[PDB]
Each structure stands twice: as structure tokens, then as C-alpha cells.
Amino acid sequence: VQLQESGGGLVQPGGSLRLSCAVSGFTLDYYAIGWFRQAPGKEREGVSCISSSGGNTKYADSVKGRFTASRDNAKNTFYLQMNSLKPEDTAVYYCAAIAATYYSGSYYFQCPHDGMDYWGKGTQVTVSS
Amino acid sequence: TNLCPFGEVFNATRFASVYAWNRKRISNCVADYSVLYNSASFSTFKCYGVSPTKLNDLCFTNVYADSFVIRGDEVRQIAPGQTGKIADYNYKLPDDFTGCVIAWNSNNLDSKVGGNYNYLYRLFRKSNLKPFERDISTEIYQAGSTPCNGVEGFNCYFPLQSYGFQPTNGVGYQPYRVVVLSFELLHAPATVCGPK
Amino acid sequence: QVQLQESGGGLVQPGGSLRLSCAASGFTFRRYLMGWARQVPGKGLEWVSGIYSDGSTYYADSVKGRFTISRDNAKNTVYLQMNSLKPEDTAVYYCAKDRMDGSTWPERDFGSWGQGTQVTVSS
């Protein structure tokens with residue numbers, strides 16, 4: 001399976017961006033796609049996590065209300081829309097996929113850091129003036 | 001001469017998940033360890049504290065058979081003094097373990113197109129598991145600052161994770177069935193010996 | 001770190017001879033169990049043969065006599081030679097690096113796995 005990252009760019013504070021992640025070769029019936037970020041000097045951190053269906057979206061408290069995760073209806077490509085960016089959000093963003101968990105007739109879609117099976121190459125996003 | 005029913009363990013139709021590992025006690029019989037060695041299915045046959053040849057010549061009061069399924073690259077964790085998610089949180093062997101570890105590829109039985117989600121492994125726990133302990137709790141594990149009350153969120157994880165076995169997956173990622181034989185010798189008649 | 005490359009195979013007539021070759025760079029090849037493993041479609045991996053660091057050899061009942069395994073000196077390639085092939089051998093063959101040094105006869109732990117080639121025996 002291959003994961004590709006695109007849309008990395010330099011924008012002014014308050015601007016918007018759209019990152020894309022191309023998903024290829026996954027035959028899994030139910031998986032989850034997560035967006036992570038890695039800032040200079042700090043460890044990797046989760047930002048978003050969405051189901052293959054796209055019904056469930058989970059966001060970290062810092063990015064809540066500014067980041068929207070969606071899936072295209074005609075392609076297997078997942079988007080992370082970033083509005084009202086702040087300088088502290090500068091980091092390398094990574095796309096990652098993980099299988100969903102089936103237990104007692106209920107599915108769970110989560111993005112645990114240590115459980116991700118595949119990673120993308122990442123793109124740098126810097127927000128300066 | 002009645003033999004030890006090793007067939008009921010190795011040829012079981014269904015194998016339990018790693019976190020809820022099944023243990024069967026085998027006692028008061030004789031077992032021929034040479035049906036094991038002279039087989040080609042078993043990719044992994046390693047022993048600790050004893051030597052395969054000696055096994056025929058020794059006696060043991062009780063043999064325990066622990067069985068479960070894990071990933072290929074995770075079999076290396078089923079050994080004394082190893083670390084990793086499986087060894088730390090699911091199944092831990094004591095430092096003075098005396099026994100043999102047997103594993104074989106089971107891709108023909110435990111994989112399915114689209115993924116087999118029924119096998120799970122424990123991914124989160126507050127502290128490292130003590131040797132030969134099987135906690136099967138499924139309470140929400142809180143990893144972040146936010147307190148968790150049973151609703152999974154960004155910082156509230158369900159502690160179990162499905163493997164998602166697929167036939168297309170490479171050999172390193174295919175499912176492997178593991179059986180761990182532990183040899184304990186108590187103060188009692190040792191009725192498990194060699195057949196010679 | 002360790003890479004195993006499978007060379008040889010293809011379409012061979014019954015009774016044909018195929019010399020499979022793996023080359024492994026990235027570790028001291030001199031002292032580690034190596035072996036060839038077969039995966040007939042519709043089954044799991046079966047361990048055909050292997051050679052230990054001290055020249056001890058192991059064969060399976062199906063392939064006993066038919067096969068020969070060679071471990072090269074001053075090279076990091078193991079050679080597997082099959083003769084009198086019959087339809088039952090159509091499968092994929094992999095190479096494997098045992099994870100511990102100085103193993104003996106009944107101690108096998110094939111952690112590393114190569115990208116096995118497919119051998120087809122038709123007519």
C-alpha cells in the first residue's frame with residue numbers, strides 16, 4: 001500500500017490550507033485514517049482521525065473548531081482542511097492508516113500512535129509573515 | 001500405552017486471541033517429543049533451559065500448554081527478557097522459564113479477503129503485566145489529561161486493537177499460531193516421561 | 001537491514017533442474033541458519049530444507065534425495081538444487097535467516113523472510 005502527501009505550502013497567519021492523502025491498495029473492509037504532526041523539538045502528536053466511511057471525526061483539543069476532516073465521495077482521498085492557522089501549528093504532517101477494531105458487535109475507529117501500520121512521507125507547513 | 005493428547009492442542013479448530021490466551025493442563029500420560037521435531041510445519045522450535053534430546057530422558061509432574069495467535073514479526077517477543085507490546089502487555093514469560101516455544105504459519109486458516117478482525121491484542125495498560133497473568137478487562141484507558149467516562153474520544157482509547165489479517169500480506173505479517181510448553185516439576189509423582 | 005533476493009525458477013518441464021539462489025547482505029552470513037521454505041497455494045509454509053553454521057543439513061521426507069542444499073564460503077549466497085521436479089512442487093520458495101547464532105539440529109527460528117519467487121512445473 002502507498003500513502004502520498006500533498007498540498008504543503010507557506011501561508012500567511014489566518015490563511016487556509018487543504019492537505020490531501022492518496023490511499024492505494026487497501027483491501028480492508030474497515031480501516032481508519034489519521035493525521036499526525038511533528039513539530040521541531042517535540043515528539044509526534046495526533047491531530048485528526050476519521051473512519052473509512054467518514055461518519056466519525058475526532059479532533060485534538062488544540063485544533064478543535066479549526067480543522068475539518070472529510071472524505072471524497074468519488075475517490076479514495078482524505079482531506080484535512082485547516083482554517084485560521086496559527087504560527088504554532090508549523091510542523092511536518094503525516095498520513096497514517098490503521099485497521100478498525102471489531103468487538104462484540106460494535107466497531108471502534110481510533111488512531112493510537114503506536115498502532116498505526118503505514119506512514120506517509122510527510123510535508124512541511126510553515127506559517128510566517 | 002496411553003499417550004499425551006497433543007493433537008487436541010495443536011489441531012484445535014479455533015485458537016484463542018493473544019490477550020485471552022488459553023491454557024490446557026496435560027498430566028499423567030507419556031508424550032513422544034519426536035513427532036514434533038520431525039515435522040516441517042513448525043518454522044519455530046526453540047527451547048530454554050533444556051535440550052531437545054534430553055526431553056525424552058526426563059520426567060515432569062505437569063506440562064502446561066499455552067496457545068494463541070500473533071503476528072510473524074512478533075514471535076520474537078515470546079522469549080525471556082524480551083520487550084514490546086506483546087511481551088509487556090499480553091503474555092510474559094518468567095526469567096527462569098524452562099520449556100520450548102513452538103510456532104507455525106497459519107495463513108491458510110486465520111486470514112480472509114478483506115481482513116479477519118476477530119483476533120485482537122492488548123495495546124494499552126497502566127503497568128507491565130506480571131509473568132503468567134491474563135487480565136481481560138476492557139475498560140476505557142485514559143491516555144491524556146481529559147478524564148474519560150466510557151465514551152471513546154481523541155484521548156480515550158478502547159484498549160484492544162484488531163490485527164486485520166489478510167492473505168495478501170507478506171510472510172512477515174501473516175498470522176502465526178504459537179504454543180508454549182512449560183515444564184514444572186513439583187513434589188509429586190512424575191507420570192509424564194519418555195516412551196522408552 | 002537484511003535483504004534476501006530470490007533468483008531462478010519459472011516454467012520447467014517435469015524432471016527439470018532449477019538452481020535457486022539467495023544473496024543476503026547486511027549481516028555476518030558465516031554463522032546463521034539458512035533455509036528454504038515452500039508455500040503451495042492452499043496451505044501454509046512448509047520448511048523444505050536448511051543448513052546450519054556447521055554444515056549440518058536437514059531435509060523433508062517429500063524432498064529427501066531430490067534436493068541438495070549448499071552454503072557458500074567467502075560468499076553470502078545459499079544454493080538450493082531441485083531435480084526430477086513433479087507437479088506437486090508448484091509453489092513459492094523463500095529464504096530465511098535464523099535469529100540466533102550457533103544453532104543445533106532441532107532449534108529453528110526463521111524470523112527474516114525473503115521475497116520468494118514462484119516456481120511452476122507444468123508440461
# chains A, B, ... in the order shown; residues from 1 in each chain; ligands from 1
call {"tool": "interface_residues", "arguments": {"of": "chain B", "to": "chain C", "cutoff": "6 Å", "atoms": "only C-alpha atoms", "output": "number ranges by chain"}}
result
B: 40-41, 44-46, 105-108
call {"tool": "interface_residues", "arguments": {"of": "chain A", "to": "chain B", "cutoff": "9 Å", "atoms": "only C-alpha atoms", "output": "number ranges by chain"}}
result
A: 26-30, 46-49, 58-61, 99-103, 108, 110-112, 114-115
call {"tool": "atom_distance", "arguments": {"atom1": "atom CA of residue B:174", "atom2": "atom CA of residue B:74"}}
result
10.5 Å
call {"tool": "atom_distance", "arguments": {"atom1": "atom CA of residue C:55", "atom2": "atom CA of residue B:52"}}
result
19.4 Å
call {"tool": "residues_around", "arguments": {"residues": "residue B:16", "least_positions_apart": "6", "cutoff": "9 Å", "atoms": "only C-alpha atoms", "output": "list in words"}}
result
residues 22, 67, 68, 69 and 119 of chain B
call {"tool": "write_last_selection", "arguments": {"atoms": "N, CA and C atoms", "output": "PDB file, in the first residue's frame"}}
result
ATOM      1  N   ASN B  22      -5.453 -19.198  25.936  1.00  0.00           N
ATOM      2  CA  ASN B  22      -5.989 -20.424  26.506  1.00  0.00           C
ATOM      3  C   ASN B  22      -4.874 -21.319  27.031  1.00  0.00           C
ATOM      4  N   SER B  67      -1.628 -21.439  24.326  1.00  0.00           N
ATOM      5  CA  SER B  67      -1.823 -21.306  22.889  1.00  0.00           C
ATOM      6  C   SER B  67      -2.497 -19.983  22.557  1.00  0.00           C
ATOM      7  N   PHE B  68      -2.096 -19.382  21.438  1.00  0.00           N
ATOM      8  CA  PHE B  68      -2.632 -18.098  20.993  1.00  0.00           C
ATOM      9  C   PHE B  68      -2.090 -17.801  19.599  1.00  0.00           C
ATOM     10  N   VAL B  69      -2.543 -16.686  19.024  1.00  0.00           N
ATOM     11  CA  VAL B  69      -2.157 -16.248  17.687  1.00  0.00           C
ATOM     12  C   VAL B  69      -1.571 -14.846  17.764  1.00  0.00           C
ATOM     13  N   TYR B 119      -9.311 -11.498  15.747  1.00  0.00           N
ATOM     14  CA  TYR B 119      -8.134 -11.615  16.599  1.00  0.00           C
ATOM     15  C   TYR B 119      -7.693 -10.238  17.077  1.00  0.00           C
TER      16      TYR B 119
END
call {"tool": "atom_distance", "arguments": {"atom1": "atom CA of residue B:28", "atom2": "atom CA of residue B:192"}}
result
5.7 Å
call {"tool": "select_by_dssp", "arguments": {"residues": "chain C", "states": "strand (DSSP E)", "output": "MDAnalysis selection string"}}
result
chainID C and resid 3:7 10:12 18:25 34:39 46:51 57:59 67:71 77:82 91:98 108:113 117:121
call {"tool": "closest_residue", "arguments": {"among": "A:90, A:14, A:117, A:69", "to": "residue B:169", "atoms": "only C-alpha atoms"}}
result
A:117
call {"tool": "residues_around", "arguments": {"residues": "residue A:98", "least_positions_apart": "2", "cutoff": "6 Å", "atoms": "only C-alpha atoms", "output": "PyMOL selection string"}}
result
chain A and resi 31-32+116-117
call {"tool": "residues_around", "arguments": {"residues": "residue C:25", "least_positions_apart": "2", "cutoff": "12 Å", "atoms": "only C-alpha atoms", "output": "JSON, numbers by chain"}}
result
{"C": [1, 2, 3, 4, 5, 22, 23, 27, 28, 29, 30, 75, 76, 77, 97]}
call {"tool": "residues_around", "arguments": {"residues": "stretch 54-56 of chain A", "least_positions_apart": "4", "cutoff": "8 Å", "atoms": "only C-alpha atoms", "output": "list in words"}}
result
residues 50, 70, 71 and 109 of chain A
call {"tool": "write_last_selection", "arguments": {"atoms": "N, CA, C and O atoms", "output": "compact mmCIF listing (two decimals), in the first residue's frame"}}
result
# COMPACT_ATOMS: atom_id res chain seq x y z
N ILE A 50 -10.35 9.71 11.32
CA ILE A 50 -11.64 9.58 10.66
C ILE A 50 -11.82 8.13 10.22
O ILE A 50 -10.85 7.41 9.98
N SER A 70 -12.55 15.37 6.05
CA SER A 70 -13.59 14.88 5.15
C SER A 70 -13.00 13.87 4.18
O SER A 70 -11.78 13.77 4.02
N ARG A 71 -13.89 13.11 3.54
CA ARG A 71 -13.51 12.13 2.53
C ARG A 71 -14.27 12.40 1.25
O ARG A 71 -15.46 12.72 1.28
N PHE A 109 -13.36 3.13 15.78
CA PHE A 109 -12.42 3.77 14.87
C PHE A 109 -11.57 4.75 15.68
O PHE A 109 -12.03 5.85 16.00
call {"tool": "decode", "arguments": {"residues": "stretch 84-97 of chain A", "atoms": "N, CA, C and O atoms", "output": "mmCIF file, in the first residue's frame"}}
result
data_model
loop_
_atom_site.group_PDB
_atom_site.id
_atom_site.type_symbol
_atom_site.label_atom_id
_atom_site.label_comp_id
_atom_site.auth_asym_id
_atom_site.auth_seq_id
_atom_site.Cartn_x
_atom_site.Cartn_y
_atom_site.Cartn_z
ATOM 1 N N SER A 84 -7.807 29.298 9.760
ATOM 2 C CA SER A 84 -7.346 30.160 10.846
ATOM 3 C C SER A 84 -6.090 29.597 11.507
ATOM 4 O O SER A 84 -6.010 29.452 12.727
ATOM 5 N N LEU A 85 -5.102 29.270 10.680
ATOM 6 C CA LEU A 85 -3.860 28.710 11.192
ATOM 7 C C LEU A 85 -3.132 29.710 12.080
ATOM 8 O O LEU A 85 -3.219 30.926 11.892
ATOM 9 N N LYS A 86 -2.409 29.178 13.059
ATOM 10 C CA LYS A 86 -1.577 29.959 13.951
ATOM 11 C C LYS A 86 -0.129 29.524 13.783
ATOM 12 O O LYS A 86 0.134 28.387 13.382
ATOM 13 N N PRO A 87 0.831 30.398 14.078
ATOM 14 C CA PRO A 87 2.232 30.034 13.834
ATOM 15 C C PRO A 87 2.657 28.765 14.540
ATOM 16 O O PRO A 87 3.459 28.002 13.991
ATOM 17 N N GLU A 88 2.114 28.494 15.727
ATOM 18 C CA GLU A 88 2.488 27.291 16.459
ATOM 19 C C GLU A 88 2.110 26.016 15.722
ATOM 20 O O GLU A 88 2.608 24.942 16.073
ATOM 21 N N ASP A 89 1.244 26.098 14.722
ATOM 22 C CA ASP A 89 0.837 24.901 14.004
ATOM 23 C C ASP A 89 1.866 24.434 12.986
ATOM 24 O O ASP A 89 1.618 23.436 12.302
ATOM 25 N N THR A 90 3.000 25.119 12.857
ATOM 26 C CA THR A 90 4.005 24.714 11.882
ATOM 27 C C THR A 90 4.655 23.391 12.279
ATOM 28 O O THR A 90 5.128 23.226 13.408
ATOM 29 N N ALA A 91 4.653 22.440 11.350
ATOM 30 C CA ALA A 91 5.142 21.091 11.605
ATOM 31 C C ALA A 91 5.122 20.319 10.296
ATOM 32 O O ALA A 91 4.635 20.807 9.273
ATOM 33 N N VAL A 92 5.670 19.112 10.337
ATOM 34 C CA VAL A 92 5.500 18.140 9.264
ATOM 35 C C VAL A 92 4.266 17.298 9.555
ATOM 36 O O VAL A 92 4.137 16.732 10.646
ATOM 37 N N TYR A 93 3.369 17.193 8.582
ATOM 38 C CA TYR A 93 2.128 16.452 8.753
ATOM 39 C C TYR A 93 2.237 15.096 8.073
ATOM 40 O O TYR A 93 2.710 14.996 6.938
ATOM 41 N N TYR A 94 1.783 14.054 8.763
ATOM 42 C CA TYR A 94 1.899 12.685 8.283
ATOM 43 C C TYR A 94 0.527 12.043 8.145
ATOM 44 O O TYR A 94 -0.328 12.191 9.021
ATOM 45 N N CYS A 95 0.324 11.326 7.046
ATOM 46 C CA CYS A 95 -0.856 10.493 6.873
ATOM 47 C C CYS A 95 -0.552 9.077 7.343
ATOM 48 O O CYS A 95 0.525 8.543 7.070
ATOM 49 N N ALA A 96 -1.504 8.466 8.046
ATOM 50 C CA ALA A 96 -1.311 7.111 8.541
ATOM 51 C C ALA A 96 -2.633 6.358 8.541
ATOM 52 O O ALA A 96 -3.695 6.942 8.766
ATOM 53 N N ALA A 97 -2.555 5.052 8.300
ATOM 54 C CA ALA A 97 -3.718 4.179 8.276
ATOM 55 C C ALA A 97 -3.592 3.074 9.315
ATOM 56 O O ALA A 97 -2.489 2.617 9.624
#
